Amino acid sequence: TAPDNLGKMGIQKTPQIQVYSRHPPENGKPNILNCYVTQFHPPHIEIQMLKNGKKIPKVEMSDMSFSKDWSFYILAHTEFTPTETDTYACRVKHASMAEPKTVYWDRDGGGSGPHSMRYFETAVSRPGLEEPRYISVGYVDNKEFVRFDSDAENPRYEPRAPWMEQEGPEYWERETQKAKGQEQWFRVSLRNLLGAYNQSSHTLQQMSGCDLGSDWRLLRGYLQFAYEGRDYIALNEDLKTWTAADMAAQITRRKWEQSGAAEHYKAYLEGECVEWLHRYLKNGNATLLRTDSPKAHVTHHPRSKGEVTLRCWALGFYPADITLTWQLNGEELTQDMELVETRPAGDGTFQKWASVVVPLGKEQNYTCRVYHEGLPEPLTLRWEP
């Protein structure tokens, strides 16, 4: 259930690109190629996937999520069957870069833990058009489940997970009406903010949600806003007081203090947010509460006559929480270890790898350990000659 805002309001980051396959690539066998682009702002971006320099058709996109620091995520993926000589790339156009960036494919909560709900709301003012584009994405445990997009010919909240088909029409009508309210709220706020910062594209973001534990009781609630991808105002953990990021947001804070806005959101986070997440978790039991254990292996990458890189892979796991660690004769090497952010592999599962540089001839004294709730015991494995 989406939040409902009350009183209104009173820079570029270059993307990071990762290109990888869902399964270990075998020539002539079906697979999925992923292009995972993160940490960029503004959200507008153009992504193409290439095979031998040719645009690949029917590329799917997971759109319009963002992280705690307000920078945007996107996942582009397409099924493909690789062969030995083909070359594959991902080409990204973003306003933070002078020219397009091409990255080539190198062939070398959830479950039983805590749970959370989030609504990621973004309005972007467009120069050639009147109204801003307003998008709302709802998430349960890293899984998109609802979406509203004002660029739709008939804008409406739509189900994005199969267990939301269960909700009757009055649910969708009620959520959609909230979205239209939010759209007006964001539109007038964008106009106020343009004056407040004395400006002449612009972005306004909201993130709201509740965190639950394993007992499914409220751990913490959030309600935070950003302008131009930078903190503006956030509701503190007490759900009573506000933290303002600059002098403009201080004016908004005192206005929202006079009007008791914090209590309106406190009631949503403590009651509605918690109770309907419970229902979503139970309706989506088979999907959200499953555990898929990781399959793990170690690869060998010589770099000179004296040194080699060992990379510990974990594939096909759900939920996303996982711990990869390297050890040398029993003691852990976390400080001198190279990791990659846990990444989605395009089918509901996730991937991660961790690497160390070791002297050639001592590979057998290094061990990788994998911790995952889907594993009855932690996995221990080492490079196999």
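Note that residue numbering begins at 1 and tracks the sequence as displayed.
### Unresolved deposited residues in the interval that joins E170 and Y171
Per the record, no deposited residues are absent between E170 and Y171.
### Task
Using none, 1 to 3, 4 to 9 or 10 or more, say how many deposited residues go missing between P15 and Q16.
Going from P15 to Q16, the model skips no residues of the deposited sequence.
### Query
Which is higher on average in the deposited entry, the C-alpha temperature factors of 264-272 or of 251-259?
In the deposited entry, the stretch with the higher C-alpha B-factor mean is 251-259.
### Query
Of the two stretches 299-307 and 135-143, which shows the higher Cα B-factor on average in the entry?
Mean C-alpha B-factor is greater for 299-307.
### Query
What's the residue among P294, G229, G109, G181 with the greatest CA temperature factor in the PDB record?
Highest C-alpha B-factor among the listed residues goes to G109.
### Residue with highest C-alpha B-factor in the PDB entry, from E158, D149, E121, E79
Each of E158, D149, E121, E79 was compared by C-alpha B-factor; the highest is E79.
### Message
Splitting the chain's C-alpha B-factors into thirds, which one does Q166 fall into?
### Response
Its C-alpha B-factor belongs to the highest third of this chain's values.
### Task
Just say lowest, middle or highest third for the CA B-factor of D238 relative to the other modelled residues in its chain.
CA B-factor rank for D238: middle third.
### Task
Sort the modelled residues of this chain by their C-alpha B factor and say whether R217 lands in the lowest, middle or highest third.
Within its chain, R217 is a highest-third residue by C-alpha B-factor, going by the deposited values.
### Query
Looking at the C-alpha B-factor of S65, is it in the lowest, middle or highest third of its chain?
Its C-alpha B-factor belongs to the highest third of this chain's values.
### Task
For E46, return the chain-relative third of its C-alpha B-factor as stated in the PDB record: lowest, middle or highest.
Answer is lowest: the recorded C-alpha B-factor places it there.
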